């Protein structure tokens, strides 16, 4: 993000799509689990 | 006076230097081996820049990255400390390191190199 300040990002898994348009991918961001829902375009 | 300390260690004591350094207005550098890329010591400075692995290398193993005067000096000058604290163990008692810090105008937080022999 900055000369700092490194993000470790791992694509754990991709879901199938849900109810606002969106698909879940689960990442590992700095070892902590984040869950991102994104519009299947 | 000093205004930037690279903490030349990891685990608990890195944090010990961090806080006592944040708590006095002084700006914190953190070093991490690839293998401590998920460690917290590395999240608790202002900045962190991996060591032990790059174009200046072979790879310095998990430990070896933390006992490498060169690499440690490299990352000091990269950010720009006017002082280093070597924590305990690892490179903290090497008169040889005291002497490479001596060689930069980087303030070894430890003793004159004559005490170390």
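FYI, it's all coordinate maths here, none of it is from the lab. Neighbour counts run over all protein chains shown; Cβ positions are idealised from the backbone, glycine included.
Considering region B:107-117, the residues that are crowded, with 17+ Cβ neighbours inside 10 Å and outside any strand (DSSP E or B) include one that is farthest from the chain's Cα centre (by Cα), namely B:110.
Scanning region B:14-68 for residues that are exposed (fewer than 15 other Cβ atoms within 10 Å of the Cβ), within 14 Å of chain A (Cβ to nearest Cβ) and over 18 Å from residue A:30 (Cβ atoms) returns a single hit, B:54.
When region A:13-41 is limited to residues that are exposed (fewer than 12 other Cβ atoms within 10 Å of the Cβ) and under 18 Å from residue B:39 (Cα atoms), the one that is nearest to the other protein chains (Cβ to nearest Cβ) turns out to be A:32. Here's a check for you: in region B:77-87, which residue that is under 23 Å from residue B:114 (Cα atoms) and under 11 Å from the mean Cα position of the chain (by Cα) is surrounded by the fewest Cβ atoms within 10 Å (Cβ to Cβ)? Restricting to residues being under 23 Å from residue B:114 (Cα atoms) and under 11 Å from the mean Cα position of the chain (by Cα), the top hit is B:83.
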